[PDB]
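Structural overview
For reference, the chains in residue letters:
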Amino acid sequence: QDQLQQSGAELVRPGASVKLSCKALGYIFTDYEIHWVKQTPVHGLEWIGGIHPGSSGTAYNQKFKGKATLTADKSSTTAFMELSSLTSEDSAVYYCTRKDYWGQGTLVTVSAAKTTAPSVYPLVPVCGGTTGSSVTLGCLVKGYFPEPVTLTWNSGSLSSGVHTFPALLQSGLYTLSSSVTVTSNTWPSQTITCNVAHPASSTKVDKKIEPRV
Amino acid sequence: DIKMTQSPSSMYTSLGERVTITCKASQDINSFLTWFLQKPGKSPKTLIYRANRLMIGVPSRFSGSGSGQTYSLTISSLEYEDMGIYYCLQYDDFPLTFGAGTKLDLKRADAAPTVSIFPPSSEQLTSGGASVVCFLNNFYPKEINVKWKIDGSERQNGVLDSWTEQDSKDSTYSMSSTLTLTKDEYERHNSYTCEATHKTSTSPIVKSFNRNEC
């Protein structure tokens, strides 16, 4: 065994607190220290602190002293991480490591935004002459919350010529685009649909790409 | 505080050759270095511990080296499962600190993008917003220029890009550019162009449209 198993993803409102957990299995949880690491696209990896299941001695990174709080429980074989007075800034993937074995990470998202179903818009080329041997069509999913969204074209039959793009963020609401490239003999004769699903708000929408009139 | 500097930040290699990464700390760290790998939605996995020692289930193509301040990881034969991001960790003194990362990407022949521009949709214009979208699909390498022009002038505020990682079907990259305006702002001007520069051609690649067809 190597194992370290982390708590589940958390979606939290600003000013609250979360307590992450990191379960150790297959070794004697007491003989090695657990370290908590922060991952942000903007900042790479950052060390928060570490705890000794054995001696109970905590070390904190000066940046995180006062935000983070490590603790342990010897019977459960788990190390905890209470992050406090959260702000946008704490949104990231948090890990638990022993230096040799890492947990899987637990994602935290701190936001004020309520559930918001997307707005799907179809993106057809411009009216006149723009038809070479292939045409590219589009689809715009704007304004959702929170993150996961399923986007498919003609529910699976189209996969070759698809490009969906990592959702950006625009005022705390997500925005996503997807493109599709087909032959001239395909559209607009046969129909091309933009399938969009957002479980959270329970939206399932097919939006056809009609030619511009 | 103790600094780790990694090099290069990214490379272009083709499966089967020898790559070599580097970390260099700001002070001697007396071989307390781990080298780990991070892959698309995975668990960072340690390959090398204490500068040159392997790890439980790791191939021998990986090989740690160096001492003092300069440490260098080797891969004699880049396998396809080796693609991802390599980091280095110093754990001599607190606080523990890491390198920036090194992204290994598949090499390939040059490929110019196929650009497409898209006027907003009518449904969106009814709400108040107007998003103009440019797609820059299947190009290599990753380095690209996208400028937006409203009636011949460059616009910078309100532009927002999203990239995809390497396509594992052609090893290209794709780009989505969106310029978002009010419907009010949008309707004050007429011509909208999306202009891309890239290694493949000295002249930029232009796609535009007039707001009332002409």
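How each quantity is defined
Bear in mind the residue numbers are our own, running from 1 along each chain as written, so they may not match the entry, and residues with no coordinates are left out. Here every chain gets a letter starting at A, and every ligand a number starting at 1, in the order they are written. Hydrogens and waters are ignored; side-chain quantities use all the structure's heavy atoms. For helices the rule is a DSSP run of H or I covering at least 4 residues; for strands it is a run of E covering at least 2, with both sets numbered from the N terminus onward. C-alpha atoms define the radius of gyration in this analysis, and the globule rule sets the expected value at 2.2 Å times the number of residues to the power 0.38. Burial classes: relative accessible area under 20% of the type maximum marks a residue as buried, over 50% as exposed, and values in between as partly exposed (1.4 Å probe, protein chains only). Whether two residues are in contact is decided by their heavy atoms: any pair within 4.5 Å suffices. In short, Shrake-Rupley with a 1.4 Å probe defines the accessible areas, and a residue's cover is counted only from the protein chains shown. This count recognises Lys and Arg as positive and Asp and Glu as negative, with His and chain-terminal groups excluded. In this description, the location of a charge corresponds to atom NZ of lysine, CZ of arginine, CG of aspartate or CD of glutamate. In short, buried area is how much 1.4 Å probe accessible area vanishes from two parts on joining, totalled over both. Should a side-chain nitrogen of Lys or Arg be within 4 Å of a carboxyl oxygen of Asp or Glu, the pair is scored as a salt bridge. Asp, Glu, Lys and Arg are counted as charged, while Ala, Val, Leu, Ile, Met, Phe, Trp, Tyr, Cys and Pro are counted as nonpolar; the rest, among them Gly, fall into the polar class. In this scheme, strands are said to pair when DSSP sees at least two bridges between them. By nonpolar core is meant a set of buried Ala, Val, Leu, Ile, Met, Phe, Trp, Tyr and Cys residues that side-chain atoms within 4.5 Å join together. Pairs were defined over the aromatic rings of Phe, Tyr and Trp, the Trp ring being its six-membered one, requiring ring centres within 6.5 Å. Orientation was assigned from the angle between planes: stacked under 30 degrees, edge-to-face over 60, tilted for the rest. Here, a charge over a ring means that NZ of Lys or CZ of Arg falls within 6 Å of the ring centre while also lying within 35 degrees of the ring normal.

If you check the header, you'll see the entry was determined by X-ray crystallography and the resolution is listed as 2.8 Å.

Observations regarding the overall build of chain B
Looking only at helices and strands, chain B has two helices and 21 strands in total. Radius of gyration (C-alpha) of chain B: 23 Å, far over the 17 Å computed for a compact globule of 214 residues. Within chain B, buried positions represent 46% of all 214 residues. A separation of at least 24 residues holds for 60% of the contacts in chain B among residues at least 6 apart in sequence. Accessible surface for chain B amounts to roughly 10200 Å². Of this, 47% is attributable to carbon and sulfur atoms. Between the averaged position of the 22 positive side-chain charges in chain B and that of its 23 negative side-chain charges there is a distance of 4 Å.

Considerations on the overall build of chain A
Helices and strands together make up the secondary structure of chain A, namely zero helices and 18 strands. Over its C-alpha trace chain A gives a radius of gyration of 23 Å, far above what one expects of a compact globule, namely 17 Å for 213 residues. In terms of overall dimensions, chain A has a C-alpha envelope of 75 × 35 × 30 Å along the principal axes. The proportion of buried residues among the 213 residues of chain A is 47%. Counting contacts in chain A only where the partners sit at least 6 residues apart, residues at least 24 apart contribute 57% of the total. If you sum the accessible surface of chain A, you get close to 9900 Å²; carbon and sulfur atoms cover 51% of it. Where the 16 positive side-chain charges of chain A centre and where its 13 negative ones centre are 7 Å apart.

With respect to the interface of chain A and chain B
Tallying the contact residues gives 40 residues for chain A and 43 residues for chain B. In total, about 3300 Å² of surface goes out of reach between chain A and chain B, with carbon and sulfur atoms giving 66% of it. Where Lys207(A) meets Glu123(B), a salt bridge forms, and the shortest distance between an N and an O atom there is 2.9 Å. Taken together, the elements giving at least two residues each to the side of chain A that touches chain B come down to β4 (34–40), β5 (44–51), β11 (119–123), β12 (134–144), β14 (162–164), β15 (168–169) and β16 (174–183) of chain A. The element that contributes the greatest number of residues to the side of chain A that touches chain B is β12(A), accounting for five residues. Residues of the side of chain A that touches chain B, tallied by class, amount to 20 nonpolar, 13 polar and seven charged.

Thoughts on the sheet that holds strand β9 (residues 92–97) of chain A
Residues and elements named next belong to chain A. With respect to topology, six strands assemble into an open sheet ordered β2-β10-β9-β4-β5-β6, the strand pairing being mixed. One side of each edge strand has no neighbouring strand; the edge strands of this open sheet are β2 (10–12) and β6 (59–60). In this sheet, strand β10 (residues 106–110) lies alongside β9 in antiparallel orientation, the contact comprising three bridges. Directly across from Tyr 94, in β10, lies its bridge partner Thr 106.

Considerations on the nonpolar core
Residue and element names in this part refer to chain A. With 51 residues, the main nonpolar core has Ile 34 and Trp 36 as its most contacted residues. Here the element with the most residues in this core is strand β3 (residues 18–24); it accounts for four residues. Those residues in contact with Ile 34, other than ones at most four positions away along the chain, are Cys 22, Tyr 27, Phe 29, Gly 49, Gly 50, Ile 51, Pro 53, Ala 79, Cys 96 and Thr 97.

Observations regarding the packing of aromatic side chains
Scanning the model with the defined rule gives 18 aromatic pairs over all chains in all. For the pair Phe145(A) and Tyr174(A), a centre-to-centre distance of 5.9 Å together with 5° between the ring planes defines the contact as stacked. Note that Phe145(A) is positioned in the loop between β12 and β13 (150–153) and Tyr174(A) in strand β16, a separation of 29 residues in sequence. Each member of the pair, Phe145(A) as well as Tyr174(A), is classed as buried. Taken together, the ring pairs connect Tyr95(A), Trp102(A), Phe36(B), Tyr87(B) and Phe98(B) into an aromatic cluster. One cation-aromatic arrangement involves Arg98(A) over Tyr27(A); the distance from NZ or CZ to the ring centre is 4.3 Å.

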